Amino acid sequence: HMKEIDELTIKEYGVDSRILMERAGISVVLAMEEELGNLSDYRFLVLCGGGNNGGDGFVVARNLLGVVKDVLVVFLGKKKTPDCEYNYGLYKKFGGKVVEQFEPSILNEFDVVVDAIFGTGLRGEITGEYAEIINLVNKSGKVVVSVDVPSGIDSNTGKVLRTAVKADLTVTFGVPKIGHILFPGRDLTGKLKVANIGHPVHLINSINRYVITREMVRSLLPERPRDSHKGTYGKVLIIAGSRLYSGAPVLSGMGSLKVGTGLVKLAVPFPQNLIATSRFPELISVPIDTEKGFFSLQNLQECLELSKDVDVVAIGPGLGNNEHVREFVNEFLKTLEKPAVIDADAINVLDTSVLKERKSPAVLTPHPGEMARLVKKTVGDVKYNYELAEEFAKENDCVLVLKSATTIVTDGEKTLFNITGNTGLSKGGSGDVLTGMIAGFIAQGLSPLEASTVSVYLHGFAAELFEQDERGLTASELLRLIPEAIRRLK
Amino acid sequence: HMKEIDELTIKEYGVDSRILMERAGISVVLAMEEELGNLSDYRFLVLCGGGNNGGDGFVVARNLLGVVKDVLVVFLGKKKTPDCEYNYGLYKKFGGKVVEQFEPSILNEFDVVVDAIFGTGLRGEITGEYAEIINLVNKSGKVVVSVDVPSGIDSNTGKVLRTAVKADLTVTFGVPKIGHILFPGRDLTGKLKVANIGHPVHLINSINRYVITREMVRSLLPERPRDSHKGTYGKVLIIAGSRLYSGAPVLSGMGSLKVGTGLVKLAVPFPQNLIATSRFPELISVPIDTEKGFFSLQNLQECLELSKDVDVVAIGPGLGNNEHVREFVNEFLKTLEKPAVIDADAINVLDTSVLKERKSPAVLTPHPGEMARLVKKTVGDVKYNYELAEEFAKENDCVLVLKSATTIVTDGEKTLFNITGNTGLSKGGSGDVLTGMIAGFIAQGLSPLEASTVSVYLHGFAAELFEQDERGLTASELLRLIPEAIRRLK
Amino acid sequence: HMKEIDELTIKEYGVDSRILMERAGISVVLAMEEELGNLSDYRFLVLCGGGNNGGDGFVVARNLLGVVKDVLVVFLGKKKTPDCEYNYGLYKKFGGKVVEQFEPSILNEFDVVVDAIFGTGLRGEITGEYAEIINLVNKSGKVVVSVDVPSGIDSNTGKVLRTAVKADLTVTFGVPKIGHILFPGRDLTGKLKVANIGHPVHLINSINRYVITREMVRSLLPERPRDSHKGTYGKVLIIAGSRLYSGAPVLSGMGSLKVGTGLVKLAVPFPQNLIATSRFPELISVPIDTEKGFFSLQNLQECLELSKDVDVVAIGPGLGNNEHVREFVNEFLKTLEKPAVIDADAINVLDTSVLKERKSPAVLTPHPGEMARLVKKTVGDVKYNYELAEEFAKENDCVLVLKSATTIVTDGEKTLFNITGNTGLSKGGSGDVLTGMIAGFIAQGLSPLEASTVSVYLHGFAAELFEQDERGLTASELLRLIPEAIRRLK
Amino acid sequence: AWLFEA
Amino acid sequence: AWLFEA
Amino acid sequence: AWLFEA
Amino acid sequence: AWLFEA
Ligand SMILES: Nc1ncnc2c1ncn2[C@@H]1O[C@H](COP(=O)(O)OP(=O)(O)OC[C@H]2O[C@@H](O)[C@H](O)[C@@H]2O)[C@@H](O)[C@H]1O
Ligand SMILES: Nc1ncnc2c1ncn2[C@@H]1O[C@H](COP(=O)(O)OP(=O)(O)OC[C@H]2O[C@@H](O)[C@H](O)[C@@H]2O)[C@@H](O)[C@H]1O
Ligand SMILES: Nc1ncnc2c1ncn2[C@@H]1O[C@H](COP(=O)(O)OP(=O)(O)OC[C@H]2O[C@@H](O)[C@H](O)[C@@H]2O)[C@@H](O)[C@H]1O
Ligand SMILES: Nc1ncnc2c1ncn2[C@@H]1O[C@H](COP(=O)(O)OP(=O)(O)OC[C@H]2O[C@@H](O)[C@H](O)[C@@H]2O)[C@@H](O)[C@H]1O
Ligand SMILES: Nc1ncnc2c1ncn2[C@@H]1O[C@H](COP(=O)(O)OP(=O)(O)OC[C@H]2O[C@@H](O)[C@H](O)[C@@H]2O)[C@@H](O)[C@H]1O
Ligand SMILES: Nc1ncnc2c1ncn2[C@@H]1O[C@H](COP(=O)(O)OP(=O)(O)OC[C@H]2O[C@@H](O)[C@H](O)[C@@H]2O)[C@@H](O)[C@H]1O
Ligand SMILES: Nc1ncnc2c1ncn2[C@@H]1O[C@H](COP(=O)(O)OP(=O)(O)OC[C@H]2O[C@@H](O)[C@H](O)[C@@H]2O)[C@@H](O)[C@H]1O
Ligand SMILES: Nc1ncnc2c1ncn2[C@@H]1O[C@H](COP(=O)(O)OP(=O)(O)OC[C@H]2O[C@@H](O)[C@H](O)[C@@H]2O)[C@@H](O)[C@H]1O
Ligand SMILES: Nc1ncnc2c1ncn2[C@@H]1O[C@H](COP(=O)(O)OP(=O)(O)OC[C@H]2O[C@@H](O)[C@H](O)[C@@H]2O)[C@@H](O)[C@H]1O
Ligand SMILES: [K+]
Ligand SMILES: [K+]
Ligand SMILES: [K+]
Ligand SMILES: [Mg+2]
Ligand SMILES: [Mg+2]
Ligand SMILES: [Mg+2]
């Protein structure tokens with residue numbers, strides 16, 4: 001946490017706590033200027049709690065004095081921490097006006113609300129006057145700037161503690177908090193600026209949960225040496241589809257090809273295999289003879305043979321979920337000595353003992369419905385639960401990619417959060433594409449974790465490049481957009 | 001070789017060897033100016049061996065004296081050839097500084113390294129101080145300009161003799177050397193300029209191995225007379241595909257159509273034939289009835305009949321490689337009295353006695369894996385081995401197109417090198433497209449050699465026109481880009 | 001001084017001295033970023049004295065740690081003030097490198113020098129290692145950023161104390177110092193940024209010596225109501241010229257007209273009066289009959305009559321300086337009950353008892369040569385001596401406009417510094433134009449002080465608008481440019 | 001304008 | 001870049 | 001074109 | 001500039 005980071009900076013490095021608070025407040029002023037333009041025309045209402053969030057707010061208020069049209073502080077706390085007390089004292093010596101009573105109509109006479117009520121010190125549900133003021137701010141239509149985290153967001157989870165401020169702009173200190181990255185918190189944060197307030201870079205860099213950034217993805221993209229051939233770029237087998245679900249294999253296979261993979265082979269029940277090469281003749285789509293249109297133990301030996309001459313196997317999209325599919329998936333994965341990307345129906349039937357016993361690596365790519373079924377919990381218990389995802393990945397020796405508007409990627413030691421993408425991905429097929437992308441990057445030589453990190457970012461970024469309204473995006477268009485995402489990343 | 005060309009120019013034509021060396025060095029100066037802009041702001045470190053490469057370097061150094069910020073020569077040789085001795089003498093009479101000891105830190109005080117250590121006179125592995133200096137230059141991050149060939153590249157093969165200079169710019173004299181054209185040499189050359197230093201044009205034009213250029217391809221493109229019809233532009237049969245590999249026929253067939261061929265007919269096992277016309281209804285895709293999804297002797301007579309009414313036959317993509325395919329391919333080619341383009345699995349099963357006995361011509365289009373299997377050698381023995389390719393083409397009376405980042409095209413008398421293309425072609429299907437292109441151009445009236453020359457160039461150039469990141473290029477996009485490559489060539 | 005302002009902010013307002021020092025250093029970092037772009041590519045050498053200037057330097061250095069290519073502090077002091085000691089301690093706890101010995105060659109390995117040696121605490125001449133380091137920095141060709149004032153400039157006078165740093169960029173705190181505004185200090189400052197480091201606005205606004213700014217001049221420009229006529233905009237008489245100096249009246253008269261004055265009348269010896277209306281027929285140029293081509297007591301009564309019907313009289317340009325001119329000027333000014341703008345030769349002959357006895361106001365507009373003669377001192381004693389100018393204005397009840405590259409305007413209570421203009425004004429006639437401008441603005445209703453403030457600024461700004469090289473600017477072109485300066489001010 | 005005057 | 005990451 | 005081919 | 005002055 002930042003809490004350790006502040007403590008160490010004050011207590012070991014010897015930076016006065018007041019210097020950190022001064023730097024915090026001025027960052028807020030500079031950030032607002034960058035967003036609003038010249039501040040001198042605006043009237044500011046600063047809502048200060050009795051903690052250090054509020055102390056940061058007093059610094060903001062004091063620094064606007066004499067330079068803007070009007071500043072008023074509403075002090076909502078009871079007691080004040082020492083630094084809040086000190087900065088309150090300064091605000092008042094500088095000529096500032098504080099009131100401790102909030103009237104519904106005071107929003108009327110101001111243009112900007114600075115929300116310095118609660119930061120990382122929030123504990124428990126917000127009620128009483130705190131709640132009523134937050135609710136009035138949210139109904140006011142004013143520009144809202146939140147200091148550190150919008151008041152009411154739990155900064156460790158992104159959950160709303162009964163009510164919370166909806167900000168246009170949030171200025172946070174040092175590092176983003178998990179609460180800005182996970183929803184609903186991500187939504188209520190608005191535009192996020194991360195301010196440097198003087199922590200040693202070494203401490204800032206020691207945080208073990210990160211946002212996946214463009215620079216990180218750029219440095220992981222594999223090299224394309226000119227003297228190369230398709231084998232340079234790896235071979236993927238995708239075991240997918242059924243008589244019910246004939247489209248999934250095609251989207252996965254192209255997903256691998258669009259990220260630069262050299263050779264992609266599908267194993268799909270006949271005649272559904274013919275669908276892939278009618279759409280994309282660059283694919284190899286091997287026909288698998290099945291009794292009733294679904295993979296079963298009858299196909300185990302053929303699939304292991306096909307596996308020998310590839311670098312990675314993806315399994316699951318469109319397989320169906322019946323007992324014979326379950327038997328096949330689990331015996332295949334138990335015997336396969338190649339990295340496996342396990343998705344969709346292969347997750348739904350997976351025996352997790354199999355994962356622990358495997359010597360080769362695995363990535364799992366569940367949405368929360370699948371994760372919920374896999375660990376026998378409710379969707380609400382697993383959704384955005386990064387600590388559960390970490391425990392799962394660590395216990396089963398895998399990489400877990402837990403899909404949602406913010407995607408979590410973890411191997412149990414390191415956890416990354418993806419924030420690219422939009423609601424155009426909220427449509428059948430988009431998951432199938434990501435599976436192929438991950439397998440592809442593994443085939444090109446990236447680690448399972450690296451392959452997942454690059455893929456989730458690029459997959460969301462390709463969606464953002466869609467030229468028309470995002471709700472009309474389909475998986476086939478997403479595929480077309482991948483090579484543009486790649487170019488824009490470089 | 002240039003060696004004969006220099007000798008003849010001095011000894012028969014009577015050009016003083018010193019005049020050639022003066023022209024060489026000044027070309028290097030002019031080339032650097034064209035790349036760097038004004039030279040006067042730069043400091044130059046010139047590394048000179050004791051040979052004529054180094055002598056060229058002394059001319060460079062002498063000609064920068066008084067005109068740039070600083071010049072230093074590090075003389076690394078022991079003895080000096082007469083012309084090197086003469087130019088060293090001039091450099092010193094002109095006021096130039098030479099040192100014979102190299103300190104790791106001297107790179108610090110210079111902006112540009114001129115690499116005149118070894119040219120075509122390199123023999124054997126580079127070791128000792130030579131190696132250490134080359135390794136320091138490569139770690140320095142300075143701009144590197146190599147005189148003739150980067151020191152350490154064998155100019156006949158493109159191989160690195162233990163270590164070699166990585167140049168930003170190479171200035172070579174008269175003609176490009178094979179070592180600039182084949183990898184890894186091609187990579188280490190950087191940007192290549194070929195300087196005219198006064199050889200008679202007749203000698204320069206008498207070199208029998210060439211780079212395929214845009215002007216050459218433009219002059220070979222066939223005519224499109226306005227009063228024409230599809231028969232004017234030829235008919236191709238493509239014998240391809242199997243139940244395992246249904247996409248290959250489609251990519252080959254369109255490859256022929258996109259280069260202007262009049263009629264294209266595929267022979268493909270039923271129902272896989274239906275895949276081609278679902279994607280491109282302009283194709284004729286004849287269903288072939290097979291026992292198990294692969295061509296066999298049962299299909300020989302039908303394929304010979306289909307052959308009678310076309311100008312060229314391509315065979316091999318996606319056929320599979322089992323005994324019945326082997327029997328069919330070899331009996332077909334033995335009986336077929338039409339030009340044949342032999343690719344992929346038809347190569348893997350080919351009995352080369354068949355090629356010698358054929359009266360009609362043939363082009364073979366192996367990648368190094370296929371070439372290796374065909375002559376019973378390792379990939380490393382055959383890769384970029386143009387002399388082996390020449391012997392093969394001459395002994396078997398064919399054209400050999402040996403595919404790689406630099407492709408070699410030879411009929412055993414004439415050999416051409418293709419340098420268009422990028423790593424987007426390093427993906428399944430790109431070979432299948434080239435097969436169709438070659439067959440197409442043969443059908444339009446170009447010789448097998450000419451057809452191969454135009455096709456390899458245009459196929460690589462189309463790949464370069466891809467608008468997004470090259471790694472996302474697929475064969476289907478490559479096809480779309482062919483007619484643009486053609487327009488840009490004109 | 002800022003010294004009082006810092007003291008009061010710490011001691012009465014209660015801002016910790018360390019908070020001021022933190023804000024100072026970070027302002028320097030932000031300012032450098034704004035000038036240099038991204039800082040991460042640069043190597044910084046920070047030169048720190050043992051005072052609070054150096055303490056500001058330690059904050060700069062500490063805040064670059066981990067974020068730029070390299071930072072080194074050279075600590076040149078002996079003892080450290082408490083805040084310098086504290087920030088040195090932080091820099092070192094943050095991992096920073098300090099050395100206390102300076103080697104001539106250390107400039108080599110750095111791109112930017114941060115000069116935090118001496119600020120406002122400079123006392124006496126700089127000698128010894130301090131001098132040698134400043135001299136090395138000045139020879140280095142590196143980018144120089146000075147903290148507060150370039151080390152070696154006396155911040156109260158702008159003089160160089162034996163040697164001083166020549167800065168590309170100076171970041172000063174709160175308010176500009178006199179040493180940035182007067183030469184040579186103005187020259188050595190380079191680009192000046194004034195940073196807000198948290199002083200109460202009330203204290204910042206209480207400084208009684210100011211730079212004339214565009215906003216100040218805009219708010220003083222008089223109104224032009226639409227229902228107006230020439231009398232609305234005042235009437236000026238200019239008493240000027242002689243048989244020797246026929247051009248001066250014309251330049252003064254047009255100077256009044258170009259700033260919006262309604263009516264301008266010249267009194268000039270015949271036939272030299274005819275020169276004005278041949279050039280600008282909008283002027284009234286009254287012929288004065290003189291014995292020998294110079295004004296004398298014979299003309300006193302005519303000039304007083306002409307004065308009755310104007311709002312302001314300018315006197316002096318081109319009058320000549322002989323006893324009869326002296327008699328006339330002094331008797332005229334003693335009797336004239338109108339505001340007088342006294343310039344040039346009227347200054348040279350002025351009896352200052354006359355000024356004290358006058359009930360009406362006066363502006364005097366000497367260059368340092370004239371000021372020197374008027375108070376019986378050397379040019380070097382009076383030049384840029386704002387305290388002398390203030391005493392003079394206060395003792396003689398006038399406004400003094402002491403002309404130089406930085407012009408001083410004072411009534412003895414308030415003093416303003418003008419920094420517009422360039423060396424194109426360093427040419428005969430430019431003073432004559434300013435005289436007319438001042439008289440004009442007085443006629444339009446501005447106070448003598450206000451009229452002088454607006455005029456010096458606009459006169460310098462018009463010169464800057466000259467489209468070709470400034471050295472070719474002449475007074476006649478300057479006149480043409482005045483209405484453009486006025487438009488650009490609005 | 002909040003941090004610097006030009 | 002010194003003060004804010006986007 | 002006289003001195004250099006690209 | 002290396003070869004020709006204008
Ligand atoms: N649910 C609640 N209802 C009412 N009051 C609450 C609630 N939760 C916390 N408080 C009160 O809010 C205050 C603590 O909030 P913070 O100001 O967030 O906590 P603190 O640790 O003082 O400051 C951390 C903050 O300072 C800066 O480093 C940064 O802004 C960070 O957010 C205390 O007055 C505490 O009693
Ligand atoms: N980001 C998310 N957040 C919360 N819940 C999620 C998310 N993504 C998925 N879920 C949850 O997972 C649930 C189940 O989804 P799937 O198991 O993928 O089932 P679905 O795709 O709806 O069904 C497959 C389809 O195949 C057809 O034969 C049949 O028509 C069926 O509708 C969802 O309803 C929802 O609860
Ligand atoms: N609002 C959003 N913002 C950003 N990303 C999003 C959003 N909505 C979805 N995504 C992303 O889109 C992808 C959806 O993947 P899946 O949930 O696997 O959904 P889908 O393609 O529908 O799955 C197809 C089939 O496989 C099985 O799960 C099941 O049978 C399902 O029908 C994930 O990367 C997810 O993070
Ligand atoms: N592996 C090696 N290790 C050390 N020294 C070597 C090695 N190989 C060759 N040499 C030395 O390098 C020199 C020969 O190199 P070149 O200068 O390439 O040979 P030469 O034929 O003198 O010159 C041909 C060069 O001159 C110009 O026409 C053009 O630049 C061409 O490259 C001789 O001093 C030779 O002993
Ligand atoms: N430019 C090149 N340079 C060096 N080697 C090359 C090059 N191009 C090809 N090769 C070599 O040829 C080898 C064999 O390639 P192919 O014979 O084409 O085999 P491939 O395409 O990998 O396999 C056909 C595919 O069909 C599917 O049923 C099955 O999944 C198999 O992977 C490569 O691994 C490599 O050694
Ligand atoms: N880095 C590169 N730069 C330039 N050109 C390239 C590069 N990489 C590949 N190419 C070109 O792409 C084409 C690849 O052709 P093939 O090696 O025949 O590969 P492919 O299309 O994968 O072959 C398909 C199938 O046919 C059989 O060889 C085998 O069954 C294979 O899977 C050749 O023209 C080759 O020169
Ligand atoms: N001529 C000189 N030669 C050598 N040393 C000198 C000289 N003049 C002064 N010093 C030394 O320089 C230091 C004082 O310089 P400052 O740092 O300018 O003085 P101080 O008042 O400590 O600080 C004022 C500075 O701090 C900030 O408010 C702002 O940067 C302001 O410039 C002391 O160490 C003093 O002994
Ligand atoms: N900005 C300044 N800084 C320092 N000194 C100045 C400045 N401006 C004027 N001076 C000083 O004033 C001195 C005298 O200037 P004036 O009294 O204006 O004399 P000048 O204009 O040189 O002479 C009038 C001219 O009329 C002609 O009959 C005759 O040819 C004479 O040259 C200058 O040499 C110089 O010392
Ligand atoms: N480098 C400069 N930068 C900015 N302003 C300048 C500069 N040089 C001169 N100026 C301005 O130009 C004007 C010069 O005024 P005067 O010194 O009065 O000079 P000038 O016009 O030459 O005077 C004409 C005549 O009047 C008598 O002083 C004397 O007889 C002189 O010849 C003043 O406003 C001065 O501040
Ligand atoms: K808050
Ligand atoms: K060389
Ligand atoms: K300084
Ligand atoms: Mg899914
Ligand atoms: Mg092939
Ligand atoms: Mg004058």
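For the numbers below, each heavy atom of this structure counts, side chains included, while hydrogens, waters and symmetry mates do not. All chains are named by letter (A, B, ...) in the order of the sequence lines, taking the proteins before the strands, and each is independently numbered beginning at 1. All ligand and atom numbering here is 1-based and tracks the order in the structure.
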Neighbour list for ligand 2 [protein residues, heavy atom under 4.0 Å]: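 Residues within 4.0 Å of ligand 2: A/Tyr245, A/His367, A/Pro368, A/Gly369, A/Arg373, A/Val379, A/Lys383, A/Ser404.
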Aromatic ring pairing B/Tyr88/B/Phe58, orientation class (parallel under 30°, perpendicular over 60°, tilted between):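 Ring orientation of B/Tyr88 relative to B/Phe58: perpendicular.
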Atoms of ligand 4 close to B/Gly124 [distance to a heavy atom under 4.0 angstrom, numbered from 1]: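 Close to B/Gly124: 1 (N).
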Side chain A/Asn418, main chain A/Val456, donor-acceptor under 3.5 Å: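 The answer is yes, because a donor-acceptor pair under 3.5 Å joins these two groups.
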Partner residues of F/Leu3 under the side chain to side chain contact (heavy atoms under 4.5 Å, CB included) criterion, sequence neighbours left out: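 Scan of F/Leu3 (side chain to side chain contact (heavy atoms under 4.5 Å, CB included), adjacent residues dropped) gives B/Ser27, B/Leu30.
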Carboxylate-amine/guanidinium proximity below 4.0 Å for A/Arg373 and A/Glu370: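 Result for this pair is no, no salt bridge flagged.
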Side chain proximity check, A/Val268 to A/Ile275, heavy atoms < 4.5 angstrom: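 The answer is no; the side chains never approach within 4.5 Å.
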For B/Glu125, atoms of ligand 4 separated by under 4.0 Å from a heavy atom: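 Those qualifying, in numeric order: 1 (N).
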contact_flag B/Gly77 ligand 4 heavy-atom lt 4.0 Å: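 It does not; every heavy atom stays at 4.0 Å or beyond.
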Check: B/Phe173 main-chain N/O paired with B/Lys177 side-chain donor or acceptor under 3.5 Å: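 It does hold such a pair.
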OG (B/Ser151) to the K ion (ligand 11) to O (B/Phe118) angle, given to the nearest 10 degrees: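 The angle at the K ion (ligand 11) comes to 60°, rounded to the nearest 10°.
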B/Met2 side chain near B/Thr172 side chain, heavy-atom distance below 4.5 Å: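 No; the side chains remain at least 4.5 Å from each other.
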With the K ion (ligand 11) as the apex, the OD1/O angle for B/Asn53 and B/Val147 - to 10°: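 Answer comes to 80°, rounded to 10°.
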Rounded to 10 degrees, the angle O of B/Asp115 makes with O of B/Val149 at the K ion (ligand 11):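 Rounded to 10°, it measures 120°.
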B/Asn156 side, atom CG; B/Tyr386 side, atom OH - distance, nearest 0.5 Å: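 B/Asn156 CG to B/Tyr386 OH: 5.5 Å, rounded to 0.5 Å.
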